[PDB]
Amino acid sequence: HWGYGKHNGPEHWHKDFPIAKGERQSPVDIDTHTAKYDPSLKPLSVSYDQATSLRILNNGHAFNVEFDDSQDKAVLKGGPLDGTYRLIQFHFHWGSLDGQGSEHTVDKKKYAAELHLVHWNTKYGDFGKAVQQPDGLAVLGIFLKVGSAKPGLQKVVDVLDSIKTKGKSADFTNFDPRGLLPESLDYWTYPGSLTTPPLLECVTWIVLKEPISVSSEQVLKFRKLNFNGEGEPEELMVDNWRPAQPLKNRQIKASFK
Ligand SMILES: NS(=O)(=O)c1ccc(CCNC(=S)Nc2ccc(-c3c4ccc(=O)cc-4oc4cc(O)ccc34)c(C(=O)O)c2)cc1
Ligand SMILES: [Zn+2]
């Protein structure tokens, strides 16, 4: 099916997922000079103290650290959000080289990778119902640059060898996502979509301005993963990012002056 290769990559997705050419697609380039500070934005609240991680899975597109979202444990509120959004999973998008990998870009700058913490609006009951709503999801995006190692990320890095191929999963309990956040919560926000098929336009994007630093060694291990399943020709899981899409009259708002 769809992927990131030359024959099934982003430029081909529209054939099976027409919304790919929609009016609210993600990611987008964030032109910092055009983004406007929005006084109406309420304080952003990231409450991950009771987060319950459960498993890590290689789904053939990236790897997901899944959480128990049967209760209001890890939640995201405030900012441009109305109500409570529950953390369900987080994953990354990265490149084959340090100069690329992020999905959103800042003044056209591409980061080495991008972390996506996915949350769904609790007023819709479940994730399935949420992806049928214009405000069903909220994804917190964090940029990764290559520099000093990120202590909180190492546990994720060290388990990757156990889920090298598509379909493989491993227990991943007691992981604290707070160790992946930068110091500042300054952010840019705009209405968008999922960046991979089905590309549904149900996401309120909140992209943090401050990137986190990860070591070359850490990202190199991300690049050892496989898109393929076990026993198949090895296709390194790299460059699993979608390029910037047309803004289409949308406005990106800044939480800071
Ligand atoms: N990069 S990004 O933008 O951050 C991003 C990209 C992709 C995705 C996820 C893409 N895949 C989707 S959407 N998967 C999906 C959607 C709905 C359901 C779903 C479906 C679907 C059809 C239906 O008829 C009833 C469903 O009921 C459901 C009840 C639930 O409690 C949770 C999910 C769920 C399920 C599933 O079955 O696990 C998976 C997340 C973030
Ligand atoms: Zn993503």
Side-chain angles (χ1 to χ4, degrees), residues 1-4 9-10 13 16-20 22 24-30 46 54-74 76 81 84-95 100-105 110-144 156 166-167 169 177 180 187-208 211-212 222 225 227 237-245 250:
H1 204 312
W2 69 271
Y4 295 88
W13 299 350
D16 282 289
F17 305 97
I19 198 172
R24 175 184 160 171
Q25 290 288 291
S26 293
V28 298
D29 172 57
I30 300 172
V46 184
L54 296 171
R55 188 183 68 155
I56 186 171
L57 167 77
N58 177 328
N59 60 30
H61 306 121
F63 66 80
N64 291 174
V65 168
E66 318 166 329
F67 293 75
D68 162 34
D69 61 350
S70 61
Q71 301 195 70
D72 259 32
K73 298 185 178 183
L76 179 62
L81 308 176
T84 300
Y85 288 73
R86 204 175 290 173
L87 175 67
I88 177 169
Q89 57 107 323
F90 73 69
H91 59 274
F92 304 78
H93 296 271
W94 60 93
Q100 56 182 44
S102 68
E103 299 206 297
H104 290 88
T105 54
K110 293 184 176 72
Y111 286 87
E114 188 174 325
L115 166 61
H116 287 161
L117 292 128
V118 188
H119 315 70
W120 55 275
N121 196 325
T122 64
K123 75 181 183 180
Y124 294 127
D126 65 51
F127 184 96
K129 286 294 183 180
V131 294
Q132 305 183 201
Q133 320 291 168
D135 59 353
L137 303 176
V139 180
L140 179 59
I142 299 173
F143 294 118
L144 277 65
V156 176
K166 180 181 185 179
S169 66
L180 298 174
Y187 66 81
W188 288 289
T189 181
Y190 76 97
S193 72
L194 298 173
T195 64
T196 73
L199 303 169
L200 301 175
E201 308 186 319
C202 321
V203 186
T204 288
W205 277 93
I206 299 173
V207 179
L208 297 191
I212 56 168
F222 271 36
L225 290 168
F227 278 130
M237 182 179 279
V238 293
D239 291 320
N240 56 348
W241 52 276
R242 186 192 194 192
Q245 303 297 303
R250 284 175 287 176

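Both backbone and side-chain heavy atoms feed into the values below; hydrogens, waters and symmetry mates do not. All ligand and atom numbering here is 1-based and tracks the order in the structure. Residues: numbered from 1 along the sequence shown.
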So, regarding [X] and ligand 1 (criterion: nitrogen or oxygen to nitrogen or oxygen, under 3.5 Å), is there a contact or not?
| X | answer |
| --- | --- |
| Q89 | no |
| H91 | yes |
| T196 | no |

Below 30° counts as parallel, above 60° as perpendicular, anything between as tilted: where do the rings of [X] and [Y] land?
| X | Y | answer |
| --- | --- | --- |
| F63 | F92 | tilted |
| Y111 | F143 | parallel |
| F67 | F90 | tilted |

Name of the [X] atom (N/O/S only) found closest to the Zn ion (ligand 2):
| X | answer |
| --- | --- |
| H91 | NE2 |
| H93 | NE2 |
| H116 | ND1 |

- Message: Please classify the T195 to ligand 1 contact at 4.0 Å (heavy-atom distances, strictly less than): side chain, backbone, both or neither.
- Response: both
Tell me whether [atom] lies less than 4.0 Å from at least one protein heavy-atom position.
| atom | answer |
| --- | --- |
| atom 38 (O) of ligand 1 | no |
| atom 28 (C) of ligand 1 | yes |
| atom 25 (C) of ligand 1 | no |

- A student checking ligand 1 against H93 at a 4.0 Å heavy-atom cut-off should list atoms 1 (N)
- Task: Between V203, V139, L194, flag the one that comes closest to atom 5 (C) of ligand 1 by a heavy atom.
- Result: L194
- Between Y190 and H104, does the ring centre distance come in under 6.0 Å? yes
- Query: Of all the heavy atoms in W241, does at least one lie under 4.0 Å from an atom in ligand 1?
  - Reply: no
- Message: Does either side chain, that of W120 or that of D69, offer a donor lying less than 3.5 Å from an acceptor on the other one?
- Response: yes
